[PDB]
Amino acid sequence: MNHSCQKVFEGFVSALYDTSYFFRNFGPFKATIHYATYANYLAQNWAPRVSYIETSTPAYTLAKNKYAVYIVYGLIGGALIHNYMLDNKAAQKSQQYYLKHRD
Amino acid sequence: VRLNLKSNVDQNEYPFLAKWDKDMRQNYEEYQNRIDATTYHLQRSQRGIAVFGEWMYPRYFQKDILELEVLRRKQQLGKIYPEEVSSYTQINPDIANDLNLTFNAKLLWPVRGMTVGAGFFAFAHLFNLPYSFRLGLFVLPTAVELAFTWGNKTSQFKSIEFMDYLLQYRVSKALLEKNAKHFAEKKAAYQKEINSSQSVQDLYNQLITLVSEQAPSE
Amino acid sequence: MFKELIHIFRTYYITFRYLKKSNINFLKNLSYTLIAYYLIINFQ
Amino acid sequence: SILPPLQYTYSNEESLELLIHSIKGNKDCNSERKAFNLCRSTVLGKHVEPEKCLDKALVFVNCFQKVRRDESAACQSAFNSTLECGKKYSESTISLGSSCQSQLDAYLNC
Amino acid sequence: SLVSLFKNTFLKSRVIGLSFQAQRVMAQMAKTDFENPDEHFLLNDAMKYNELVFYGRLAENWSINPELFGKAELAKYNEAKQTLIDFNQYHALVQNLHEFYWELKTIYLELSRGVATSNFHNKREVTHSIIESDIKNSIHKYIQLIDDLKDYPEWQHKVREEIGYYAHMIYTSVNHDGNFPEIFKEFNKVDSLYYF
Amino acid sequence: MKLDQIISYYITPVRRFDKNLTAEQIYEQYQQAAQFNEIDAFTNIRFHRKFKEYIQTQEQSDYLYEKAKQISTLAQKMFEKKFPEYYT
Amino acid sequence: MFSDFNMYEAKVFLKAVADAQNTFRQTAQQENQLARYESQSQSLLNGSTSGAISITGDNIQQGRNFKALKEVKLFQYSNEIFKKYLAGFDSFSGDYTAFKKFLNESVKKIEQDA
Amino acid sequence: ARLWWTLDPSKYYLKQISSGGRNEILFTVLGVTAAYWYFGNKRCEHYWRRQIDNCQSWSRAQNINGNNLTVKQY
Amino acid sequence: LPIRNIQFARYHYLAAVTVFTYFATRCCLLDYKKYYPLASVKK
Ligand SMILES: CCCCCCCCCCCCCCCCCC(=O)OC[C@H](COP(=O)([O-])OCC(O)COP(=O)([O-])OC[C@@H](COC(=O)CCCCCCCCCCCCCCCCC)OC(=O)CCCCCCCCCCCCCCCCC)OC(=O)CCCCCCCCCCCCCCCCC
Ligand SMILES: CCCCCCCCCCCCCCCCCC(=O)OC[C@H](COP(=O)([O-])OCC(O)COP(=O)([O-])OC[C@@H](COC(=O)CCCCCCCCCCCCCCCCC)OC(=O)CCCCCCCCCCCCCCCCC)OC(=O)CCCCCCCCCCCCCCCCC
Ligand SMILES: CCCCCCCCCCCCCCCCCC(=O)OC[C@H](COP(=O)([O-])OCC(O)COP(=O)([O-])OC[C@@H](COC(=O)CCCCCCCCCCCCCCCCC)OC(=O)CCCCCCCCCCCCCCCCC)OC(=O)CCCCCCCCCCCCCCCCC
Ligand SMILES: CCCCCCCCCCCCCCCCCC(=O)OC[C@H](COP(=O)([O-])OCC(O)COP(=O)([O-])OC[C@@H](COC(=O)CCCCCCCCCCCCCCCCC)OC(=O)CCCCCCCCCCCCCCCCC)OC(=O)CCCCCCCCCCCCCCCCC
Ligand SMILES: CCCCCCCCCCCCCCCCCC(=O)OC[C@H](COP(=O)([O-])OCC(O)COP(=O)([O-])OC[C@@H](COC(=O)CCCCCCCCCCCCCCCCC)OC(=O)CCCCCCCCCCCCCCCCC)OC(=O)CCCCCCCCCCCCCCCCC
Ligand SMILES: CCCCCCCCCCCCCCCCCC(=O)OC[C@H](COP(=O)([O-])OCC[N+](C)(C)C)OC(=O)CCCCCCCCCCCCCCCCC
Ligand SMILES: CCCCCCCCCCCCCCCCCC(=O)OC[C@H](COP(=O)(O)OCCN)OC(=O)CCCCCCCCCCCCCCCCC
């Protein structure tokens, strides 16, 4: 490119590089990035799960790790069914209340 | 209903009431076809089975219901003139910017996006980038502008609010025109006694409060 | 699946070669988060 | 919540009674309903000067009332049978089965 | 000091536990190439890699409370802390080399996009001066790096095999005319003969 | 959502009237509800504020406001008898 | 319960019935609103002319002839009726049915004396 | 071409924690509690509603400037 | 080698894919406004 535009472009890219480097390596910003990276890693690679590799002999595996799936299913299904029953009960209660109040 | 296009109002005595009726009848057939299509879609979807239908009919077919309400209100209004939009600008300064994104009034060009694209083009021209890069950087801001412009169903809610306001205003205006001759004499007497332009309802509410406060119960 | 899409884009698009495995992983994490958010929100 | 709120609380019995009477009325007095809807469609007839529709409205209402008041003994018997079937269907929280269409057809032919 | 007890126990547990793994992680990082040194950890198995990267800073910075430490325990903690600091420096070095590799690969990618068959819109017969200067300076820095690694034959060999690959491809991308003798003067000494 | 439930959303907005009332009686009831009397401007102030303590459903509102209108109409007739001068 | 066709028939009929009731409401309300506006305008004119009040800008001020204003008489008679017949209305902390009974008895008392 | 489709989980995410299986019950408890709270609020708002339409439900309109809204018959 | 609850994992992944595709494409919840001109009428 034209050498004047070359000077402008070199200056601009140098400014961009310096800004990025400063923002990343500044003390507080560096600490924030460093902690957030590990938090993101924990969230992504250690999220709650129901399937995992079993490397232990049956004698060396807890019962929790053989019935965790069933406990989770019980909890979720019970929550859904109980919410459904609560919805029905609230429907009946509201209907009865507003009926006895008028018409 | 297949309403005729020829209004039965007298233009000489109720001009605005005649124009409103004429526009309503003119656009009624088209808006009725759209409303029928929407209702047919809704009921046929509700006839579905399990996930394809009933199990999720009322809650997930929301855009269709919103379109149906907008179509019904617009059919009742018929046509909208800029004077009313500017009138409602009091409570919603972006009424035109919202009423453009709800109705197919005029074609919208992403002018801000194209301007940003031209700026990026100037930048690339200065820094001697390949033409493919600058064409892509022209498309990209345009794409962003289009994405942020279209859709925007909140503008439809604001259009519904404005159309309700406009319908109430037009009804009241028609009532004003219909009884204008009857109130000519009373109006002439009133203007000479009250120098205020404030409404009769507001003044009477203030008078009622004044009586309730100061007047001796006796 | 995601891996396959990234592989195709890398093998066919010369420009896409610019991205590191780290940037690809960041896109993977963001896409998984967005997918989880989409699944959760649609039912709300 | 997005579902609209209710205005008038109808008992289940009242709801079924009104629903069945409405289905009967749409057959007995569709002419009055159509005339009323036609007169209430225009701008002048709907918002500006609704009183021009008043007479038509009255007629329609009268017809509906006449349907709501089952005069013939056969009409009363058929309506009671259909209403009882509807109540049984509604109260059946267990898996629902046969429909009440036969009783409704019997009532609409009375 | 209950909070002090918990802080020190957490630090001890994490630091000592990871110190037993630093060897494995560093070896794996050495094993891969410089394009994505953490490729194995991102794709195959994160063998306490992100843990090391996170806890190196804590080992460097977070304070210690010796009264909560034993004698042998304190010696072990100091050893583990030194190992984590070594890992920090090793990761910094690998990152620097990896970024230099990506500089060279960026130059090569520009050339490849130049000579791509789909490039019907930006086809250039003659290399422009800017990329020539970039190539010359990049090769100069690469030669200086090779010289600086004379005490580490394995590191020098890896740097050659990895980074100089794209220098060789750049060499092959262009004809031997114009300024070519001057641009690849340093490369022609030893590296060019290696990549034949 | 089956039609048996949706139809409830079209049955709710219908006011409940005795089946033995002719349309004219219903319209007369509406007229009485919407009747106007000057004294209202004051009695309403003392009525509505009270009814807010009891209204929870539309039927309550209908009944209470209709009784208020009946009382106000009777009061208007009594006042007109009392003060003929203002009404001649 | 019933075929979908009958359900839609019912829906259409109910929409029509609701529209009819709204028609009744609209007719009555429009008529009485016109009457109300006429009465209020006439009352303001009489008040200003009689000297009862002075209306300037957006404010109503008490005149020298305030005691003669018709609205004052209306307010006083409203108080009189709320005392003589509808006593205890202001604070009646009873059940809704009790309140309905109270209103009905007050209506009967007013009717008898009228 | 090579076949690659499969429903099996990837070994990269199949690791356990040191003390046992992944934190499944602990997170499910939180999820159930949050769902309970959210659905309870939604149900309470939805079911206990009525529409009361009378004169007291209407108030005087005003501009964003606070003044009373009145539009001329221009 | 053994994977605890592998079948559960397979079915969960399949369900997630199915639900995401269902909501993204709305395959099951089509639009019939285009068919209205090609439909008969009642009443
Ligand atoms: C309506 C809603 C809104 C719609 C628009 C939404 C836009 C959202 C934002 C999009 C942002 C795109 C840019 C970022 C992505 C990465 C780009 C990149 O690599 O940057 C560097 C790279 C340039 O690299 P380079 O070094 O300059 O090139 C040499 C390398 O060797 C090259 O090596 P390489 O392999 O890397 O290069 C391949 C390169 C492709 O670039 C190329 O090398 C060539 C591009 C031009 C090809 C033109 C056709 C050539 C002839 C083929 C035969 C056609 C026959 C047609 C007639 C048939 C008759 C029967 O591939 C890409 O660009 C990747 C992404 C492509 C898809 C996304 C962009 C879609 C844009 C669609 C609209 C375009 C404008 C309107 C056009 C129509 C007007 C009427 O790309 C660019 O800078 C250009 C970007 C694309 C510009 C538009 C070109 C036309 C594309 C049309 C595609 C149509 C697909 C069908 C569906 C369309 C639905 C809308
Ligand atoms: C004005 C309007 C304009 C409209 C149009 C505008 C333009 C629109 C965009 C156009 C461009 C799109 C480009 C997409 C490229 C995808 C990659 C590709 O081509 O595949 C190569 C590559 C080929 O691999 P290969 O190794 O060569 O395959 C040979 C093997 O032998 C094969 O191995 P195998 O035989 O063992 O495999 C067995 C087979 C097993 O399957 C079968 O054998 C048959 C399965 C049949 C499934 C039937 C499903 C039916 C229900 C759904 C139907 C919906 C549509 C119809 C609805 C109405 C009618 C029912 O596996 C597969 O078939 C694998 C793929 C299918 C998996 C099933 C799930 C697919 C859907 C995933 C979710 C999609 C969400 C979209 C959200 C979009 C948001 C914007 O395939 C992949 O990459 C696989 C993974 C692809 C994942 C894509 C996920 C979605 C990505 C969204 C973002 C994309 C952004 C693109 C750039 C945008 C502009 C900058
Ligand atoms: C809107 C929603 C918001 C919430 C949701 C957010 C969701 C998205 C994710 C966000 C991710 C990014 C977050 C922002 C980045 C923060 C960066 C940062 O902290 O900068 C510090 C960093 C300086 O620290 P450094 O350079 O790393 O360390 C050297 C220093 O000289 C200092 O040396 P030193 O030794 O004097 O002091 C070291 C220590 C202060 O030292 C102490 O006093 C001790 C601290 C605790 C140590 C761990 C004890 C654990 C004991 C067991 C607990 C068990 C609990 C029950 C469970 C049991 C069963 C498992 O100070 C720190 O460095 C604090 C860092 C943050 C906490 C680190 C501890 C993590 C573990 C404990 C909490 C998590 C629970 C784990 C439970 C399971 C454990 C197995 O850089 C800055 O100064 C930047 C300042 C400007 C940025 C913003 C600063 C925000 C400050 C927030 C403080 C929060 C404190 C904890 C509150 C807990 C409430 C319950
Ligand atoms: C809930 C409401 C409040 C939420 C607040 C969230 C606040 C987050 C702030 C984060 C700040 C930066 C943290 C830096 C790291 C410092 C701690 C550390 O290094 O780890 C110490 C400790 C041990 O780490 P390590 O020794 O390195 O172990 C890993 C090694 O590989 C060694 O592994 P190992 O084999 O030796 O085993 C060691 C084991 C040891 O781990 C444990 O012992 C922890 C086990 C769990 C907790 C046990 C205690 C439970 C009781 C706590 C009671 C607290 C009461 C507090 C009262 C306060 C009163 C004021 O480690 C693990 O297993 C790690 C578990 C990681 C779990 C990650 C969860 C991801 C998903 C989260 C969202 C799920 C949504 C599902 C929705 C689905 C709907 C369908 O780990 C943790 O503290 C785990 C924290 C995980 C969560 C952090 C990020 C949460 C972000 C949530 C999403 C928010 C997005 C919002 C939008 C974005 C903008 C706002
Ligand atoms: C600044 C920080 C950094 C920011 C970076 C930028 C990005 C943001 C990062 C933020 C960090 C979190 C990101 C989200 C997590 C990402 C996880 C991931 O990518 O993992 C990939 C990774 C992929 O691995 P893979 O190898 O592909 O395998 C995946 C397969 O699906 C294999 O899956 P699987 O087989 O292992 O299954 C997984 C498991 C996971 O599920 C669980 O265990 C979890 C359960 C739910 C827990 C929810 C806890 C939520 C707590 C919230 C508390 C409040 C927070 C408030 C915070 C406020 C701020 C402080 O599923 C189940 O448990 C299945 C349950 C099925 C129940 C079926 C019910 C049956 C009922 C009937 C019963 C029987 C009746 C019989 C009747 C018979 C009649 C005849 O996923 C996993 O392996 C983990 C499983 C998936 C977890 C997804 C979690 C999503 C959470 C999204 C939260 C969004 C919150 C937004 C808040 C905004 C606030 C403003
Ligand atoms: C709204 C906008 C819509 C626009 C639609 C545009 C459609 C574009 C379709 C493009 C198809 C694919 C080719 C271009 C993109 C290639 C990308 C890629 O990765 O390729 C790189 C490679 C090329 O690069 P390469 O081969 O050098 O590979 C890279 C190698 N290194 C890294 C070493 C450099 O493939 C190609 O580009 C192949 C191009 C083939 C071109 C074929 C043209 C056929 C024309 C037929 C015309 C028929 C007319 C009939 C008229 C009849 C009249 C009666
Ligand atoms: C030139 C152009 C270039 C263009 C480049 C564009 C690149 C775009 C890249 C990003 C987009 C990729 C999209 C891929 C398709 C979507 C697939 C999907 O929905 O799943 C995503 C992911 C699992 O899919 P994937 O990781 O790809 O395959 C794993 C195989 N074992 O799923 C996840 O991991 C998400 C997390 C949840 C997974 C499911 C969890 C189990 C399901 C049950 C949860 C129960 C919760 C509690 C109970 C609720 C119900 C009661």
# chains A, B, ... in the order shown; residues from 1 in each chain; ligands from 1
$ residues_near_ligand --ligand "ligand 5" --cutoff "6 Å" --atoms "only C-alpha atoms and all ligand atoms" --output "PDB file with C-alpha atoms, in the first residue's frame"
ATOM      1  CA  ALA A  36     -13.442 -16.413  35.119  1.00  0.00           C
ATOM      2  CA  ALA A  39     -15.046 -20.815  36.530  1.00  0.00           C
ATOM      3  CA  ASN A  40     -16.047 -21.391  32.907  1.00  0.00           C
ATOM      4  CA  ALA A  43     -19.058 -25.132  34.556  1.00  0.00           C
ATOM      5  CA  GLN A  44     -18.469 -26.650  31.120  1.00  0.00           C
ATOM      6  CA  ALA A  47     -21.507 -29.862  35.020  1.00  0.00           C
ATOM      7  CA  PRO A  48     -23.928 -32.177  36.842  1.00  0.00           C
ATOM      8  CA  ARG A  49     -24.309 -35.468  35.026  1.00  0.00           C
ATOM      9  CA  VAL A  50     -26.009 -38.842  35.265  1.00  0.00           C
ATOM     10  CA  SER A  51     -23.624 -40.964  33.146  1.00  0.00           C
ATOM     11  CA  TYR A  73     -35.929 -39.200  38.183  1.00  0.00           C
ATOM     12  CA  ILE A  76     -38.158 -34.530  38.925  1.00  0.00           C
ATOM     13  CA  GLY A  77     -41.241 -36.657  38.304  1.00  0.00           C
TER      14      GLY A  77
ATOM     15  CA  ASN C  29     -18.851 -23.545  25.133  1.00  0.00           C
ATOM     16  CA  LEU C  30     -20.936 -20.565  24.036  1.00  0.00           C
ATOM     17  CA  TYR C  32     -23.669 -25.285  24.510  1.00  0.00           C
ATOM     18  CA  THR C  33     -24.695 -22.500  26.879  1.00  0.00           C
ATOM     19  CA  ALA C  36     -29.204 -25.020  27.259  1.00  0.00           C
ATOM     20  CA  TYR C  37     -30.725 -21.547  27.563  1.00  0.00           C
TER      21      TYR C  37
ATOM     22  CA  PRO H   9     -21.614 -39.955  25.490  1.00  0.00           C
ATOM     23  CA  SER H  10     -18.105 -38.659  24.903  1.00  0.00           C
ATOM     24  CA  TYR H  13     -17.090 -35.347  29.830  1.00  0.00           C
ATOM     25  CA  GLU H  24     -26.279 -34.844  40.547  1.00  0.00           C
ATOM     26  CA  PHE H  27     -28.032 -29.879  41.765  1.00  0.00           C
ATOM     27  CA  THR H  28     -31.366 -31.640  41.259  1.00  0.00           C
ATOM     28  CA  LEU H  30     -31.739 -26.873  43.699  1.00  0.00           C
ATOM     29  CA  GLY H  31     -33.520 -27.338  40.385  1.00  0.00           C
TER      30      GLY H  31
ATOM     31  CA  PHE I   8     -29.991 -43.083  29.957  1.00  0.00           C
ATOM     32  CA  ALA I   9     -27.330 -40.859  28.407  1.00  0.00           C
ATOM     33  CA  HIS I  12     -31.277 -37.980  27.097  1.00  0.00           C
ATOM     34  CA  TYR I  13     -29.136 -36.836  24.175  1.00  0.00           C
TER      35      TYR I  13
END
$ interface_residues --of "chain A" --to "chain H" --cutoff "8 Å" --atoms "only C-alpha atoms" --output "list in words"
residues 45, 46, 47, 48, 49, 50, 51, 52, 53, 61, 62, 64, 65, 68, 71, 72, 75, 76, 79, 83, 87, 90, 91 and 94 of chain A
$ write_last_selection --atoms "N, CA and C atoms" --output "compact mmCIF listing (two decimals), in the first residue's frame"
# COMPACT_ATOMS: atom_id res chain seq x y z
N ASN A 45 -16.93 -28.39 31.90
CA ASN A 45 -16.38 -29.74 31.96
C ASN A 45 -16.73 -30.48 33.24
N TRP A 46 -17.41 -29.84 34.19
CA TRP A 46 -17.80 -30.50 35.43
C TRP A 46 -19.23 -30.16 35.78
N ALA A 47 -20.10 -30.08 34.78
CA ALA A 47 -21.51 -29.86 35.02
C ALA A 47 -22.13 -31.12 35.61
N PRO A 48 -23.27 -30.99 36.30
CA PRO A 48 -23.93 -32.18 36.84
C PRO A 48 -24.28 -33.15 35.73
N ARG A 49 -24.18 -34.44 36.04
CA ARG A 49 -24.31 -35.47 35.03
C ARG A 49 -24.91 -36.71 35.66
N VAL A 50 -25.45 -37.58 34.81
CA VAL A 50 -26.01 -38.84 35.26
C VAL A 50 -25.24 -40.04 34.75
N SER A 51 -24.44 -39.89 33.69
CA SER A 51 -23.62 -40.96 33.15
C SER A 51 -22.15 -40.62 33.32
N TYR A 52 -21.38 -41.56 33.84
CA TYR A 52 -19.96 -41.35 34.06
C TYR A 52 -19.25 -42.70 34.02
N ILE A 53 -17.95 -42.65 33.76
CA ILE A 53 -17.14 -43.86 33.65
C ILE A 53 -16.96 -44.46 35.04
N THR A 61 -17.68 -49.09 45.06
CA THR A 61 -18.56 -48.06 44.53
C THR A 61 -19.73 -47.86 45.47
N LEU A 62 -20.01 -46.61 45.81
CA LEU A 62 -21.06 -46.31 46.77
C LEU A 62 -22.43 -46.64 46.18
N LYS A 64 -24.95 -44.53 46.44
CA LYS A 64 -25.41 -43.30 45.81
C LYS A 64 -25.11 -43.32 44.32
N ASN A 65 -23.96 -43.86 43.93
CA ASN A 65 -23.56 -43.87 42.53
C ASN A 65 -24.20 -44.99 41.73
N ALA A 68 -28.29 -42.88 41.85
CA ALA A 68 -28.42 -41.44 41.65
C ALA A 68 -29.40 -41.13 40.54
N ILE A 71 -32.90 -41.62 41.85
CA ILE A 71 -33.27 -40.55 42.77
C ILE A 71 -33.60 -39.28 42.00
N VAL A 72 -32.80 -38.96 40.98
CA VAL A 72 -33.05 -37.76 40.19
C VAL A 72 -34.39 -37.86 39.48
N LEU A 75 -37.18 -37.39 41.97
CA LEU A 75 -37.34 -35.99 42.34
C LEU A 75 -38.06 -35.21 41.25
N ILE A 76 -37.60 -35.34 40.00
CA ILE A 76 -38.16 -34.53 38.92
C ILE A 76 -39.61 -34.92 38.65
N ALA A 79 -41.82 -33.74 41.44
CA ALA A 79 -42.03 -32.30 41.36
C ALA A 79 -43.08 -31.96 40.31
N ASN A 83 -46.73 -30.43 41.19
CA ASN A 83 -47.14 -29.14 40.65
C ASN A 83 -48.45 -29.25 39.90
N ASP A 87 -51.84 -27.30 40.87
CA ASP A 87 -52.59 -26.50 39.92
C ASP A 87 -54.06 -26.88 39.94
N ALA A 90 -55.65 -25.57 43.16
CA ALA A 90 -55.84 -24.13 43.10
C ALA A 90 -57.00 -23.77 42.19
N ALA A 91 -57.14 -24.47 41.06
CA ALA A 91 -58.28 -24.23 40.19
C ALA A 91 -59.58 -24.45 40.93
N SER A 94 -60.14 -21.69 43.69
CA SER A 94 -60.54 -20.41 43.12
C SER A 94 -61.98 -20.46 42.62
$ closest_atom_pairs --of "chain H" --to "chain C" --cutoff "10 Å" --atoms "only C-alpha atoms" --output "tab-separated table"
residue	atom	partner	partner_atom	distance
H:4	CA	C:4	CA	8.5
H:5	CA	C:1	CA	7.6
H:6	CA	C:1	CA	9.2
H:38	CA	C:44	CA	9.7
H:39	CA	C:44	CA	9.8
$ write_last_selection --atoms "N, CA, C and O atoms" --output "JSON list (two decimals), in the first residue's frame"
[["chain", "number", "residue", "atom", "x", "y", "z"],
["H", 4, "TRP", "N", -19.88, -41.45, 11.46],
["H", 4, "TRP", "CA", -19.56, -40.80, 12.73],
["H", 4, "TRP", "C", -20.75, -40.59, 13.65],
["H", 4, "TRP", "O", -20.53, -40.27, 14.82],
["H", 5, "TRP", "N", -21.99, -40.75, 13.18],
["H", 5, "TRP", "CA", -23.13, -40.51, 14.05],
["H", 5, "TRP", "C", -23.19, -41.56, 15.16],
["H", 5, "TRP", "O", -22.91, -42.74, 14.94],
["H", 6, "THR", "N", -23.55, -41.11, 16.35],
["H", 6, "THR", "CA", -23.72, -42.00, 17.49],
["H", 6, "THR", "C", -24.34, -41.22, 18.63],
["H", 6, "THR", "O", -24.14, -40.01, 18.75],
["H", 38, "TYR", "N", -40.90, -21.00, 41.13],
["H", 38, "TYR", "CA", -41.35, -20.35, 39.91],
["H", 38, "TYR", "C", -42.79, -20.73, 39.58],
["H", 38, "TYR", "O", -43.63, -19.86, 39.32],
["H", 39, "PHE", "N", -43.09, -22.02, 39.60],
["H", 39, "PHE", "CA", -44.44, -22.46, 39.27],
["H", 39, "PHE", "C", -45.45, -22.04, 40.33],
["H", 39, "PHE", "O", -46.60, -21.76, 39.99]]
$ interface_residues --of "chain B" --to "chain A" --cutoff "10 Å" --atoms "only C-alpha atoms" --output "ChimeraX atom specification"
/B:126-129
$ residues_near_ligand --ligand "ligand 6" --cutoff "7 Å" --atoms "only C-alpha atoms and all ligand atoms" --output "JSON list (two decimals) with N, CA and C atoms, in the first residue's frame"
[["chain", "number", "residue", "atom", "x", "y", "z"],
["C", 12, "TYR", "N", -12.80, -27.06, 4.40],
["C", 12, "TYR", "CA", -13.21, -26.46, 3.14],
["C", 12, "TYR", "C", -12.90, -24.97, 3.04],
["C", 13, "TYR", "N", -12.99, -24.22, 4.14],
["C", 13, "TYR", "CA", -12.78, -22.78, 4.11],
["C", 13, "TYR", "C", -11.36, -22.45, 4.53],
["C", 14, "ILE", "N", -10.62, -21.78, 3.64],
["C", 14, "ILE", "CA", -9.23, -21.43, 3.94],
["C", 14, "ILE", "C", -9.17, -20.37, 5.03],
["E", 112, "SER", "N", -1.44, -18.62, 0.83],
["E", 112, "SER", "CA", -2.31, -19.68, 0.33],
["E", 112, "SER", "C", -3.61, -19.09, -0.21],
["E", 113, "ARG", "N", -4.22, -18.17, 0.54],
["E", 113, "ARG", "CA", -5.39, -17.47, 0.02],
["E", 113, "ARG", "C", -5.06, -16.75, -1.27],
["E", 115, "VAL", "N", -2.96, -17.84, -3.59],
["E", 115, "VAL", "CA", -2.83, -18.82, -4.67],
["E", 115, "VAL", "C", -3.99, -19.81, -4.69],
["E", 116, "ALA", "N", -5.04, -19.57, -3.91],
["E", 116, "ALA", "CA", -6.18, -20.47, -3.91],
["E", 116, "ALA", "C", -6.89, -20.44, -5.26],
["E", 117, "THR", "N", -7.44, -21.59, -5.64],
["E", 117, "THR", "CA", -8.15, -21.67, -6.91],
["E", 117, "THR", "C", -9.46, -20.89, -6.87],
["E", 118, "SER", "N", -10.15, -20.88, -5.73],
["E", 118, "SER", "CA", -11.39, -20.11, -5.63],
["E", 118, "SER", "C", -11.14, -18.61, -5.68]]
$ residues_around --residues "residue 21 of chain D" --least-positions-apart "2" --cutoff "10 Å" --atoms "only C-alpha atoms" --output "PyMOL selection string"
(chain D and resi 15-19+23-26+64-70+79+107-108) or (chain G and resi 10+13)
$ select_by_dssp --residues "chain H" --states "strand (DSSP E or B)" --output "PyMOL selection string"
chain H and resi 17+20+62+68
$ interface_residues --of "chain F" --to "chain H" --cutoff "12 Å" --atoms "only C-alpha atoms" --output "NGL selection string"
:F and (12-13 or 33-34 or 44-45 or 47-52 or 54-66)
$ interface_residues --of "chain G" --to "chain B" --cutoff "12 Å" --atoms "only C-alpha atoms" --output "VMD selection string"
chain G and resid 3 to 5 7 to 8 30 to 31 33 to 34 36 to 63 65 to 83
$ residues_near_ligand --ligand "ligand 1" --cutoff "8 Å" --atoms "only C-alpha atoms and all ligand atoms" --output "PyMOL selection string"
(chain B and resi 130-137+139-144+146-147) or (chain C and resi 12-16) or (chain E and resi 110+112-122)
$ interface_residues --of "chain B" --to "chain H" --cutoff "10 Å" --atoms "only C-alpha atoms" --output "PyMOL selection string"
chain B and resi 83-84+87-93+169-170+172-174+176-177+198-199+202
$ closest_atom_pairs --of "chain B" --to "chain I" --cutoff "6 Å" --atoms "only C-alpha atoms" --output "Markdown table"
| residue | atom | partner | partner_atom | distance |
| --- | --- | --- | --- | --- |
| B:37 | CA | I:33 | CA | 4.9 |
| B:38 | CA | I:33 | CA | 6.0 |
| B:41 | CA | I:32 | CA | 4.7 |
| B:52 | CA | I:28 | CA | 4.9 |
$ residues_near_ligand --ligand "ligand 3" --cutoff "8 Å" --atoms "only C-alpha atoms and all ligand atoms" --output "list in words"
residues 27, 28, 29, 30, 31, 32, 33, 34, 35, 36, 37, 39 and 40 of chain A; 3, 4, 6, 7, 8, 9, 10, 11, 57, 58, 61, 62, 63 and 64 of chain E
